[PDB]
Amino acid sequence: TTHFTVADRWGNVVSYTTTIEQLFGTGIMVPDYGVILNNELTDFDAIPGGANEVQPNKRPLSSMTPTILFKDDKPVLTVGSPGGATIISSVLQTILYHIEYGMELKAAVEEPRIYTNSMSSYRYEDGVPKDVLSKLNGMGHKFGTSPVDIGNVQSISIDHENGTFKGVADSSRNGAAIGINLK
């Protein structure tokens, strides 16, 4: 999955998350056409009966969370990320760090994330302190012995007073933010 964002001089704003499911999808390429095929239907529940069961013509539940925040009825911040179920947590954390903690946007994006959807599934990024991990595991959490990168947040903020844009790419990939200054 990848997430990207664009904002223009006319006030249009795009926040777009897009995927073929797993890295390289099924791995299947349409022969002579070079198109790699998604494995998206494995996002359905394998065991039917529930909200996210397979049905024909149904779409599998996603966790993609392209988001735009507004202030004074104007778009001011764009957020999204790849990462399957972890996406909701990456977008949450970026918003918490930028807004609740008041951190500058690049800093908010780079702040070490965690993720856990159950008592047997935990991830953390490098920088979550070791003693913190000891404390949490001490209460019954199950953080593992090594970190992993979580997510890849691209974000744009918009200053409508000063008429400027700020772009941020997450260091977890080799992304680039490119500002437009016409003339």
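So that there is no doubt, residue numbering starts at 1 and follows the sequence shown.
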Practice problem: Give the stretch, out of 56-64 and 148-156, with the larger mean C-alpha temperature factor in the deposited entry. | Solution: 148-156
Self-check item: Mean temperature factor over C-alpha atoms, higher-scoring stretch between 130-138 and 33-41
Solution: 130-138
Quiz item: What third of its chain's C-alpha B-factors does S172 belong to: lowest, middle or highest?
Solution: middle
Quiz item: Comparing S120 with the other modelled residues of its chain, is its CA B-factor in the lowest, middle or highest third?
Solution: highest
Quiz item: Sorting the chain's CA B-factors, does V6 end up in the lowest, middle or highest third?
Solution: lowest
Practice problem: Could you tell me which third, lowest, middle or highest, the C-alpha B-factor of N162 occupies within its chain? | Solution: highest
Quiz prompt | Chain third (lowest, middle, highest) by recorded CA B-factor, residue given as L105 | solution = highest
